[PDB]
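For reference, the structure is listed below as structure tokens.
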Amino acid sequence: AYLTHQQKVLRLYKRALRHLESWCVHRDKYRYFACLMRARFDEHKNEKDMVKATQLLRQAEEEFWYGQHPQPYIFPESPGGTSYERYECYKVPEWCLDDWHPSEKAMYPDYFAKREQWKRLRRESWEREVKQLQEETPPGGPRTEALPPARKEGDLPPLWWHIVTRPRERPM
Amino acid sequence: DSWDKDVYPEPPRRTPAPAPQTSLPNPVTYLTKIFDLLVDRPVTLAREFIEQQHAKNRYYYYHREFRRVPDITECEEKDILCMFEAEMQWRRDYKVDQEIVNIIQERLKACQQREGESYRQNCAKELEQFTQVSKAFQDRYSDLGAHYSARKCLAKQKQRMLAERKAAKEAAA
Amino acid sequence: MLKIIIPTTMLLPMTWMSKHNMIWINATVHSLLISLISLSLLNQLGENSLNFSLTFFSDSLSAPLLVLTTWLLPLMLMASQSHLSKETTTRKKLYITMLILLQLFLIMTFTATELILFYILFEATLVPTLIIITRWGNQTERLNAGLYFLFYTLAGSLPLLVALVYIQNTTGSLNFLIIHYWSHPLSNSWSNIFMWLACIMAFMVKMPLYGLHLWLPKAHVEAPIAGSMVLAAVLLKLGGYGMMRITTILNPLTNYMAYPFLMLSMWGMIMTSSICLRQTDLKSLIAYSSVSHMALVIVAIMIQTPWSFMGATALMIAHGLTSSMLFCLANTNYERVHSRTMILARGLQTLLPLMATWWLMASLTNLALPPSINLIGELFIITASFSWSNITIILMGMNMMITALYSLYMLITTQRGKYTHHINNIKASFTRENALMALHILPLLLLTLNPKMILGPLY
Amino acid sequence: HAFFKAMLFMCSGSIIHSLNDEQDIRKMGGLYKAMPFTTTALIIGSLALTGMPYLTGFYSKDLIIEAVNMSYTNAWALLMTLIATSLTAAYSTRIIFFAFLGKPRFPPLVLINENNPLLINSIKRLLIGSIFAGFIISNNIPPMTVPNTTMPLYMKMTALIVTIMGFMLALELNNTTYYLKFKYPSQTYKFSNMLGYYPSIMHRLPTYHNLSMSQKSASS
Amino acid sequence: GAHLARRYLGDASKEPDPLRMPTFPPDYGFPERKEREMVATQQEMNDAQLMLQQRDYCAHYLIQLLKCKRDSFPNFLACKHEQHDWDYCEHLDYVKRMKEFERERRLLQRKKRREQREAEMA
Amino acid sequence: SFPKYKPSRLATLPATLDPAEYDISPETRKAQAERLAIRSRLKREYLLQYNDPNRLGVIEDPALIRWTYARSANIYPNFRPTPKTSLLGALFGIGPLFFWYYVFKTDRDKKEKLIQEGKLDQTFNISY
Amino acid sequence: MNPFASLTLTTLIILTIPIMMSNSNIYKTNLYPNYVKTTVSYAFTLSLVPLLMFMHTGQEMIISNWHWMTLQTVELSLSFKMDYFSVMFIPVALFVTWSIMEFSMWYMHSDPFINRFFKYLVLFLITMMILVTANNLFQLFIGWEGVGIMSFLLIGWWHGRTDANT
Amino acid sequence: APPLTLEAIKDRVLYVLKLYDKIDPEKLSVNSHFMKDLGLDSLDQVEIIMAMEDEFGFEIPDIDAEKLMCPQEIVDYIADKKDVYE
Amino acid sequence: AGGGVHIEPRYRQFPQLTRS
Amino acid sequence: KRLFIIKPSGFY
Amino acid sequence: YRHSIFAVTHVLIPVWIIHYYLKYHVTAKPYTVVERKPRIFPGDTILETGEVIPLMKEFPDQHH
Amino acid sequence: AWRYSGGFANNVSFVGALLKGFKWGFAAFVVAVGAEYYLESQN
Amino acid sequence: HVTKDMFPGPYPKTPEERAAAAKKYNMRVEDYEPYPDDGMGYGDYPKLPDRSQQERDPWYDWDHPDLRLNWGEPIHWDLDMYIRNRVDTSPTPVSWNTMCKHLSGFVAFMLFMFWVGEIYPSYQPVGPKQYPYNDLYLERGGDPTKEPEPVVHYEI
Ligand SMILES: CCCCCCCCCCCCCCCCCC(=O)O[C@@H](COC(=O)CCCCCCCCCCCCCCC)COP(=O)(O)OC[C@H](O)CO
């Protein structure tokens, strides 16, 4: 929603240091330059003129957009990294496992029995968790994509199935 | 041998006698030796068994021969009865001539590996024979069209000495 | 000859008089049996065509297409018994009646010895296909689609009717042998061009060349699965058969008048394949790919070169078997998702692993990857075209380069990638769909060992 | 090239898998003692690539550089081969410097391991192959190219001068990173590092035009 | 060597172009010059499967090298003297090459200064 | 201050250098407040049918079918012949076709010229 | 007619066996990678004998096996040409990929589709020594795309990685 | 890679905050909210999460990085992101 | 990753080696 | 440890 | 043993059928397996016809 | 600190890496020349 | 299901049906800009910013993460140019005009003096390959009947 100034500065601080890390590479340089980079940040902390603070962040990222490393450092799991959705091709949705032939299902009896409990739980919980939704939905549709928790006891938080039953990040 | 040596002239192979001097054993002799009593002999043993069985009950087959039949230059105009024999005879000779080029092409390709680095000059005879065939083949069937017929082949040919005799008249002057 | 025809038409009473639920079985039995008998016809002699009577004859060109059509006949029955299960027995019987009646006409026209006899069932194939597209088609714009497909071919076929009867009144009979033996040099008189145009445009229309092709995307997409295969795997190819047969009395007029079509076809294939690169509909993308391959044959046939005819017959069959398979791929995916947009169901390989394979050789075959019969077709045509002119390879090779991008484009968008979260009705593939898919690919590689069977009379 | 170039990959693959599938050259350092065999494997491979005498690359590259020099060729073409050979050593130092000769930079939990016989046997199998390599092939094949004999010694050393020269400054440039001075972004670095600017343009301009032509024009 | 600079940086008329020489007649400047007497006739050089670029005068010191290699097998450390003999022969062939190069080179500058000497006197 | 980054249709200006949101107004911030609301209005019911146990099918996107319609059928009914459309059609139509005709015509008009006077070599060219 | 020509060709028929065995699906679904690695090893060991025969004698082969099909004056035939450029390349190429196979099991010790992976490498391999060993331009063109399409699948081994497909 | 389990996470987690000289070891609690009691400025909070990022090797999105606020909550967000349940 | 590996990992320390 | 792996039914 | 039956059913058997195919089918057709002429050197005799072709004529005595 | 402490400290210099094994390599050298010089002398 | 009126229609001339069309694409009127009426039949489909899917924030949760798309939002008319696999639009660190300038500069710079490199080739001062038997005429495909012109090499 509102990308207020302080988050933008934190965006500037976090990403610039990562780029600065990609430059210095050596830890002592990275540590040394970070502190001075830190030092020149907090020194201008007293500005009642928020517009001036914005003006101070005009040339800020422009120098960054010049000073940006053409190949920044990203851990491979993150977007752009080498191991980005590398193991996605393995993860398969759980609902496809309902298709399994009974002989295949018989190969894993107790786990399939546990699935039945989850199937049973999600059934009545759906009506309960959906009922909580309309009774507390803000007027004029949802104003924020954040989803309210389960207010009462026993009931599960609404729309919990896909998040909870999401395939693990390392499926094999 | 199954095929004919005249159709496929094979110059005699020049195999040098093995005269090594180094005392350490030449390995390739041994690998050939073990191969002989591990692969070659069992293959030959099976081969002599199959070949004698083949000769036990021998059945024959011959090669069909088409006698000469009047072609299209003496076939009457229209008269598709005589055109049928004419066209089929010409197309049969087309097949033979295509195979004739094929035979020459193999002989030319046979020289390449056979002569090795001597290919450039050793079989210039093979080169000119193919050159003579290919040029003459061009005058016979080339550019006849996908719907080629003995009529067109005669038509294309009839242009040839038409231009040639016209050139001969000019040459005589 | 007869040993194929009566078994085909006598198959019709069987389906009508069979039991309520056995219709698919007994029809499939003898359709495959008919295929076996047709394969017995595949043999050819050296130069004289296999002639049977005044009414029917076969050559090295007709025979490969004949066995292809009979081979096709089981496949529509296999491909259709999923969206017609919930239908009254009479309509199912009527649907089967349409296919074999259609297939019966195909045997007739390919074996026809007289051009008019070739002509009469040349359009007669339209009536069963018009019913298939209109009645059992599953869409809304199928009505306009059937009209476009019907009128386009008639608009081209009727000039052939006037042209063909003119031959009869001028050169006696129109028996294919009698035309070939009594061929005369067509003059350059300004009437002979309209003579030439009429004898060619009829086969142009149902062989979609750039400009005269807008019916095909509307023909294929709204047609049902069985209609799409028959239309793309044989119907686009009656035009092909006609040109190899009818260009006997169009020379040397074909030498000079070929230019507008050759430029239209060679440029069209680049344009059409470009459309494939950005098609939103999977069935439409396959349909436009057929235009590109078919337009390649237009250059092939119209060059009139021994090599060009040979590569034509190679692409003649290989494209038909491949296009039928790709339409099966789209159909086998369609009902699961109940939509035609390509990006609707991405990452299908993680869900259906075998269909990932079946889509894979299917895309490779359409790629003209050697030694698949498609490569023998395209590569032979390129050499014939290159001899005709050196420049065309720039156009020729560019098509292969474009053909690569869009072919794997459907592969990556559908098979590879992340599976769609929302969809949950994708069930494990029925072994009918799997069996049918191998029914297509397996003879294709089986044909690779013996190109000489499908090279044609020029071979 | 089949021997030593194939090496550098699973040698690199050894560090990748062992150091938790990380492929950024800026995260290793100090691996010399951590993976002695992998480090040993890489230095032989890099030296083979540079063309150290009497081992693999010498039997081909040192002959090639001498060969093209000893011929009627394009003068501009010959010059780039020398610069490339010096640059060939240049990135070789960069790999050995950043990856091995330094201090650890990977995440704290270390899992460095190469003791698996599969990795050891595979690498060693090509190691004995790469050590001798050209000696066997050159001595075995019949003498079937024309050998040039009278080189003016000044250019016969060029096969070794340029790489040794390129070794020098690349090392000096690499440990200049150890120097505390900040590295200002040079415009040449902005060019060389971005794959030489080719992917940014040729993979965005021609693809967009042809695609836009297909939809906007053509089809529509 | 340095003749590249002498040709391009300096005048080009005083460097014998590699695509041109020899230009002056071999007898001109060489009274009673002898011919390169070849040794292995075209026959023996042929069936040795000798490649065309190696079919030179020093090829005689290449053919027996193959013979030494044939009996050397499996040992590949033999033929050292023969190979060195072959390389030394190509050295003798090679040392002649720039001898001819400067023969033309020295002659053409000599022709230049002779021309000026026999032109400025008028 | 090193020279700025000028954008392009293929390399757009990044949001980090975009002057609009750095100079927000007491109105533009209000504009980017119902953006999330309608986004939630699209996300909420989507998850509802996505997480519905009884739901066995495909959640058709009205935006998706709109895109296919606008790109497949809703072209000619919205098409109007104008000089821009007319010239582009002619330029991309007859243009390339006639261009290739001239190229192929002159090439063939040189090829047959050479062979007619015997100025070309096909000594080994037989399988045409 | 030495074993040279005979056993230089079987080397090709040696390493196509793992492909056929995989299609049976009776093939060992666990120790498959070991099966191919050992197979390539034997293919390598066989490959030296044509090599060792070469530098001794210096004979390079052209074998014209089963005649595919004849085109009038063209006789397109499956033919393998064992030049020095070939008879040397098979020994080194299998030697490298055999070592790669040994490294492959350790590195890809967790990929669930590992049997498919080793099958692809062999399929790539076959496409290779039919490219180098190509007496006719057509079967040279066979490899020139057989390897290319094989690279596409191998490069996109992680099908889900959108960049890998790109 | 052995299964990284939440007990190991918090051990590695509090290892780094104790390492941070601005947070001397004595008063580290599992749920010690940074600026509420430790006085750690939020500008350094956008700095301790990259220390976590290299500690466990993965990127923390900013949407929750500003929300990553307590050492127990540090551990909590770590576990589910790598499906750590044990 | 079962217990009993001969290359048991370490935290912020030099990893153990083997004479082999 | 050992935990269930999900996979589409390959029985058919 | 695992190497034995692997040798027989993957090396020994395939080379058997290849040799049979080569010796009696491929070589039964002309110009299918075309060798190179075994290079012969001055002074090297051949076994087919016995005679030794002449030695090289004495070199002009080049020594280093 | 851990990256600069423990066994991770005092890493070898650049040129120190390339000449790894020289001490043993030279050790194998001297015996090698001794063997061949004696063998040549016996000839 | 979508019956008829969420299907796209003709260009909205006046703001009333512009508002209706904006609701038809579940977006407000302040951000609903139709394509220009060039006559190319784009209809009432909205101008969406020419930005590839690569510019979408990956950390945001999308209903179609591979294309980074939610459900129901109006997707670009040209989605199959700007898909992640296909043409990108992400801002390069250096300007596009400079992007082309240096690249076009390099290729031309390298190509040009390659021609001048051909103008002044590099060669050692060495004569030609003295070849025996009149420059190997007979063994280079020369006609045996056509006698070669006498080519001999001397000693210097
Ligand atoms: C949708 C429009 C059609 C699509 C494209 C179809 C092909 C284009 C050309 C169509 C030609 C149709 C008529 C051709 C019939 C056979 C022609 C033939 O055999 O050749 C004759 C060609 O003669 C003709 O005049 C044929 C017709 C020429 C074209 C004029 C009429 C056809 C075009 C208009 C009607 C069709 C178009 C659609 C109208 C709604 C030879 O006779 P001749 O003139 O040489 O006779 C001897 C002497 O000279 C006097 O007769």
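Ordering of the structure tokens sets the chain letters (A, B, ...); residue numbers start at 1 within each chain; ligands are numbered from 1 in the order shown.
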
Item to check | Environment of ligand 1 within 10 Å, counting only C-alpha atoms and all ligand atoms, reported as a ChimeraX atom specification | outcome: /C:151-170,187,189-202,204-205

Next on the checklist: as a list in words, could you give me every residue of chain A near chain M (at most 12 Å apart, counting only C-alpha atoms)?
Outcome noted: residues 61, 62, 63, 64, 65, 66, 67, 68, 69, 70, 71, 72, 78, 79, 80, 84, 85, 88, 145, 146, 162 and 163 of chain A

Emit the selected residues as an mmCIF file, in the first residue's frame, including N, CA, C and O atoms.
data_model
loop_
_atom_site.group_PDB
_atom_site.id
_atom_site.type_symbol
_atom_site.label_atom_id
_atom_site.label_comp_id
_atom_site.auth_asym_id
_atom_site.auth_seq_id
_atom_site.Cartn_x
_atom_site.Cartn_y
_atom_site.Cartn_z
ATOM 1 N N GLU A 61 19.907 7.298 -4.998
ATOM 2 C CA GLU A 61 19.855 6.113 -5.840
ATOM 3 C C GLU A 61 20.347 6.375 -7.253
ATOM 4 O O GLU A 61 20.743 5.425 -7.937
ATOM 5 N N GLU A 62 20.325 7.629 -7.709
ATOM 6 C CA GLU A 62 20.928 7.950 -8.997
ATOM 7 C C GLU A 62 22.412 7.616 -8.987
ATOM 8 O O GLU A 62 22.940 7.045 -9.948
ATOM 9 N N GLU A 63 23.104 7.966 -7.901
ATOM 10 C CA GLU A 63 24.468 7.485 -7.726
ATOM 11 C C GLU A 63 24.501 5.969 -7.621
ATOM 12 O O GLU A 63 25.385 5.327 -8.199
ATOM 13 N N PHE A 64 23.551 5.380 -6.890
ATOM 14 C CA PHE A 64 23.459 3.925 -6.846
ATOM 15 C C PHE A 64 23.223 3.358 -8.238
ATOM 16 O O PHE A 64 23.933 2.446 -8.675
ATOM 17 N N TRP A 65 22.233 3.894 -8.957
ATOM 18 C CA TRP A 65 21.970 3.415 -10.309
ATOM 19 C C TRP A 65 23.175 3.604 -11.218
ATOM 20 O O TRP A 65 23.279 2.923 -12.244
ATOM 21 N N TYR A 66 24.077 4.522 -10.874
ATOM 22 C CA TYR A 66 25.404 4.510 -11.474
ATOM 23 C C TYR A 66 26.309 3.510 -10.766
ATOM 24 O O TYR A 66 26.984 2.698 -11.408
ATOM 25 N N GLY A 67 26.324 3.545 -9.439
ATOM 26 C CA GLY A 67 27.224 2.710 -8.674
ATOM 27 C C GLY A 67 26.824 1.262 -8.549
ATOM 28 O O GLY A 67 27.576 0.474 -7.970
ATOM 29 N N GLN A 68 25.658 0.889 -9.069
ATOM 30 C CA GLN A 68 25.200 -0.490 -8.970
ATOM 31 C C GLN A 68 26.158 -1.428 -9.688
ATOM 32 O O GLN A 68 26.580 -1.165 -10.818
ATOM 33 N N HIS A 69 26.500 -2.519 -9.024
ATOM 34 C CA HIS A 69 27.289 -3.559 -9.659
ATOM 35 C C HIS A 69 26.483 -4.184 -10.790
ATOM 36 O O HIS A 69 25.338 -4.603 -10.570
ATOM 37 N N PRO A 70 27.026 -4.257 -12.007
ATOM 38 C CA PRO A 70 26.268 -4.870 -13.108
ATOM 39 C C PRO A 70 25.895 -6.317 -12.846
ATOM 40 O O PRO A 70 24.928 -6.815 -13.436
ATOM 41 N N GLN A 71 26.631 -7.009 -11.979
ATOM 42 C CA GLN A 71 26.288 -8.362 -11.546
ATOM 43 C C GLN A 71 26.252 -8.377 -10.026
ATOM 44 O O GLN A 71 27.236 -8.754 -9.374
ATOM 45 N N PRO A 72 25.139 -7.970 -9.427
ATOM 46 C CA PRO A 72 25.039 -8.005 -7.965
ATOM 47 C C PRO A 72 25.068 -9.428 -7.442
ATOM 48 O O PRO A 72 24.918 -10.380 -8.213
ATOM 49 N N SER A 78 17.094 -17.194 -4.412
ATOM 50 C CA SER A 78 16.293 -16.010 -4.656
ATOM 51 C C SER A 78 16.084 -15.797 -6.152
ATOM 52 O O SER A 78 16.809 -16.359 -6.976
ATOM 53 N N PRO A 79 15.067 -15.017 -6.522
ATOM 54 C CA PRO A 79 14.903 -14.617 -7.922
ATOM 55 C C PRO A 79 16.208 -14.133 -8.537
ATOM 56 O O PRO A 79 16.970 -13.385 -7.921
ATOM 57 N N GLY A 80 16.461 -14.575 -9.766
ATOM 58 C CA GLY A 80 17.694 -14.296 -10.457
ATOM 59 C C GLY A 80 18.828 -15.232 -10.097
ATOM 60 O O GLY A 80 19.755 -15.407 -10.894
ATOM 61 N N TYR A 84 16.942 -20.948 -8.677
ATOM 62 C CA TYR A 84 15.611 -20.361 -8.596
ATOM 63 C C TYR A 84 14.610 -21.337 -9.200
ATOM 64 O O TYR A 84 14.759 -21.748 -10.356
ATOM 65 N N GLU A 85 13.610 -21.719 -8.400
ATOM 66 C CA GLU A 85 12.646 -22.786 -8.707
ATOM 67 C C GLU A 85 13.317 -23.978 -9.385
ATOM 68 O O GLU A 85 12.726 -24.634 -10.244
ATOM 69 N N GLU A 88 11.314 -26.796 -8.420
ATOM 70 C CA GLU A 88 9.890 -26.682 -8.704
ATOM 71 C C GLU A 88 9.387 -27.858 -9.529
ATOM 72 O O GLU A 88 8.275 -28.344 -9.297
ATOM 73 N N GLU A 145 -5.509 -7.119 1.424
ATOM 74 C CA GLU A 145 -5.410 -8.537 1.109
ATOM 75 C C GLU A 145 -5.080 -9.396 2.322
ATOM 76 O O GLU A 145 -5.212 -10.622 2.241
ATOM 77 N N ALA A 146 -4.654 -8.793 3.432
ATOM 78 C CA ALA A 146 -4.401 -9.556 4.645
ATOM 79 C C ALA A 146 -5.679 -10.240 5.113
ATOM 80 O O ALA A 146 -6.777 -9.688 5.000
ATOM 81 N N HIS A 162 -4.440 -24.214 1.329
ATOM 82 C CA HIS A 162 -3.356 -24.172 0.355
ATOM 83 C C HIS A 162 -2.043 -23.742 0.995
ATOM 84 O O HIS A 162 -0.977 -24.256 0.639
ATOM 85 N N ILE A 163 -2.096 -22.804 1.939
ATOM 86 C CA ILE A 163 -0.879 -22.385 2.626
ATOM 87 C C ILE A 163 -0.334 -23.522 3.480
ATOM 88 O O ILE A 163 0.863 -23.830 3.443
#

Checklist outcome for this item: In terms of only C-alpha atoms, the residue from C:458, C:396, C:282, C:352 at minimal distance from residue 12 of chain J is C:352

Write out as CSV the residues of chain M that have any atom within 8 Å of an atom of chain G, one row each with the nearest atom pair and its distance in Å to one decimal, counting only C-alpha atoms, sorted by chain and then rising number.
residue,atom,partner,partner_atom,distance
M:66,CA,G:162,CA,7.4
M:84,CA,G:162,CA,7.1
M:85,CA,G:166,CA,5.3
M:86,CA,G:166,CA,7.5

Those selected residues, please, written with N, CA, C and O atoms and delivered as a PDB file, in the first residue's frame.
ATOM      1  N   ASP M  66       4.505 -18.102 -12.264  1.00  0.00           N
ATOM      2  CA  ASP M  66       5.397 -18.218 -13.412  1.00  0.00           C
ATOM      3  C   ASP M  66       5.283 -17.008 -14.335  1.00  0.00           C
ATOM      4  O   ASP M  66       6.295 -16.518 -14.848  1.00  0.00           O
ATOM      5  N   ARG M  84       7.698 -14.122 -19.243  1.00  0.00           N
ATOM      6  CA  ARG M  84       9.020 -14.276 -18.644  1.00  0.00           C
ATOM      7  C   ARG M  84       9.986 -14.968 -19.597  1.00  0.00           C
ATOM      8  O   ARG M  84      11.145 -14.560 -19.724  1.00  0.00           O
ATOM      9  N   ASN M  85       9.525 -16.022 -20.272  1.00  0.00           N
ATOM     10  CA  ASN M  85      10.373 -16.716 -21.234  1.00  0.00           C
ATOM     11  C   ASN M  85      10.720 -15.816 -22.413  1.00  0.00           C
ATOM     12  O   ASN M  85      11.853 -15.832 -22.906  1.00  0.00           O
ATOM     13  N   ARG M  86       9.765 -15.018 -22.866  1.00  0.00           N
ATOM     14  CA  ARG M  86       9.909 -14.236 -24.085  1.00  0.00           C
ATOM     15  C   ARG M  86      10.491 -12.861 -23.752  1.00  0.00           C
ATOM     16  O   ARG M  86      11.059 -12.659 -22.676  1.00  0.00           O
TER      17      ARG M  86
END

Checklist entry - Once you count only C-alpha atoms, which residues of chain D turn out to be within 8 Å of chain L? Could you give them as a list in words? => result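 Here they are: residues 30, 32, 33, 43, 97, 101, 102, 103, 104, 105 and 171 of chain D.
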
Checklist outcome for this item: Counting only C-alpha atoms, closest pick from G:100, G:131, G:126, G:36 relative to residue 21 of chain G is G:36

Checklist entry - Quick one: which residues from chain C are at most 9 Å off chain D, using only C-alpha atoms, as an NGL selection string? => result :C and (271-272 or 274-279)

Checklist entry - If we count only C-alpha atoms, which residues of chain D reach to within 6 Å of chain I? Please list them as a ChimeraX atom specification. => result /D:108-111

Could those selected residues go to a file with N, CA and C atoms, as a PDB file, in the first residue's frame?
ATOM      1  N   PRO D 108      28.308 -19.555   7.447  1.00  0.00           N
ATOM      2  CA  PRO D 108      29.096 -20.083   8.576  1.00  0.00           C
ATOM      3  C   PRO D 108      29.165 -21.598   8.621  1.00  0.00           C
ATOM      4  N   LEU D 109      28.025 -22.282   8.554  1.00  0.00           N
ATOM      5  CA  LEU D 109      28.034 -23.739   8.584  1.00  0.00           C
ATOM      6  C   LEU D 109      28.786 -24.277   7.376  1.00  0.00           C
ATOM      7  N   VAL D 110      29.939 -24.890   7.612  1.00  0.00           N
ATOM      8  CA  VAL D 110      30.778 -25.416   6.544  1.00  0.00           C
ATOM      9  C   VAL D 110      30.446 -26.886   6.345  1.00  0.00           C
ATOM     10  N   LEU D 111      30.344 -27.299   5.083  1.00  0.00           N
ATOM     11  CA  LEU D 111      30.094 -28.688   4.721  1.00  0.00           C
ATOM     12  C   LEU D 111      31.043 -29.135   3.616  1.00  0.00           C
TER      13      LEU D 111
END

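Excluding residue 118 of chain B itself and any same-chain residue fewer than 2 positions from it, the protein and nucleic acid residues within 9 Å of it, counting only C-alpha atoms, are residues 112, 114, 115, 116, 120, 121, 122 and 123 of chain B; 46, 47, 48, 49, 50, 51 and 52 of chain E; 139 of chain M.
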
Next on the checklist: Using only C-alpha atoms, which protein or nucleic acid residues come within 9 Å of segment 105-107 of chain F? Drop anything in the same chain fewer than 2 positions from it, and give the result as a PyMOL selection string.
Outcome noted: (chain C and resi 259+389-391) or (chain F and resi 100-103+109-112)

Residues of the last selection are to be written out with N, CA, C and O atoms, as a tab-separated table (two decimals), in the first residue's frame.
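Contents of the output file selection.tsv:
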chain	number	residue	atom	x	y	z
C	259	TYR	N	5.06	-18.00	-61.29
C	259	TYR	CA	5.72	-17.00	-60.45
C	259	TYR	C	4.81	-16.42	-59.37
C	259	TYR	O	5.24	-16.40	-58.20
C	389	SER	N	16.60	-21.94	-58.09
C	389	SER	CA	17.16	-20.62	-57.85
C	389	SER	C	17.97	-20.66	-56.57
C	389	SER	O	17.60	-21.36	-55.62
C	390	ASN	N	19.07	-19.92	-56.54
C	390	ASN	CA	19.94	-19.96	-55.37
C	390	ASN	C	19.38	-19.14	-54.21
C	390	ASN	O	19.67	-19.44	-53.05
C	391	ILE	N	18.57	-18.12	-54.51
C	391	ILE	CA	18.10	-17.21	-53.47
C	391	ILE	C	17.15	-17.90	-52.50
C	391	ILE	O	17.17	-17.62	-51.30
F	100	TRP	N	10.07	-9.87	-53.71
F	100	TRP	CA	10.65	-11.18	-53.97
F	100	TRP	C	10.49	-11.58	-55.42
F	100	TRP	O	11.38	-12.23	-55.99
F	101	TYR	N	9.38	-11.20	-56.05
F	101	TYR	CA	9.20	-11.50	-57.47
F	101	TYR	C	10.32	-10.89	-58.30
F	101	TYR	O	10.92	-11.56	-59.14
F	102	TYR	N	10.62	-9.61	-58.05
F	102	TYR	CA	11.69	-8.97	-58.80
F	102	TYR	C	13.03	-9.65	-58.54
F	102	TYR	O	13.81	-9.86	-59.48
F	103	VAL	N	13.30	-10.01	-57.29
F	103	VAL	CA	14.57	-10.65	-56.95
F	103	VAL	C	14.68	-12.00	-57.65
F	103	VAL	O	15.70	-12.31	-58.28
F	109	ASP	N	16.37	-14.58	-64.60
F	109	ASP	CA	16.68	-13.94	-65.87
F	109	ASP	C	18.18	-13.84	-66.11
F	109	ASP	O	18.60	-13.54	-67.23
F	110	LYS	N	19.00	-14.07	-65.09
F	110	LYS	CA	20.44	-14.19	-65.31
F	110	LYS	C	20.85	-15.64	-65.48
F	110	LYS	O	21.77	-15.94	-66.26
F	111	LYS	N	20.19	-16.55	-64.77
F	111	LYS	CA	20.60	-17.96	-64.80
F	111	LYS	C	20.40	-18.56	-66.19
F	111	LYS	O	21.33	-19.15	-66.75
F	112	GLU	N	19.20	-18.43	-66.75
F	112	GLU	CA	18.95	-19.02	-68.06
F	112	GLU	C	19.77	-18.32	-69.14
F	112	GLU	O	20.10	-18.93	-70.16

Taking only C-alpha atoms into account, find every residue of chain E that has an atom no more than 8 Å from chain K, and write it out as a compact mmCIF listing (two decimals) with C-alpha atoms, in the first residue's frame.
# COMPACT_ATOMS: atom_id res chain seq x y z
CA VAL E 39 66.06 -38.06 -54.37
CA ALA E 40 62.81 -40.03 -53.92
CA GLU E 44 58.00 -43.82 -53.90
CA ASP E 47 52.58 -44.78 -52.44
CA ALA E 48 53.92 -43.59 -49.08
CA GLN E 49 50.57 -41.75 -48.90
CA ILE E 63 59.47 -41.15 -45.47
CA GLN E 64 62.04 -43.27 -43.63
CA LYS E 67 59.53 -46.59 -41.62
CA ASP E 85 67.43 -35.18 -39.19
CA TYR E 88 67.36 -30.14 -39.71
CA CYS E 89 66.63 -30.76 -43.40

Next on the checklist: Report as a PyMOL selection string all protein, DNA and RNA residues lying within 9 Å of residue 23 of chain A, evaluated on only C-alpha atoms, omitting residues in the same chain fewer than 2 positions from it.
Outcome noted: (chain A and resi 18-21+25-26+30+68-69+72) or (chain D and resi 182-183)
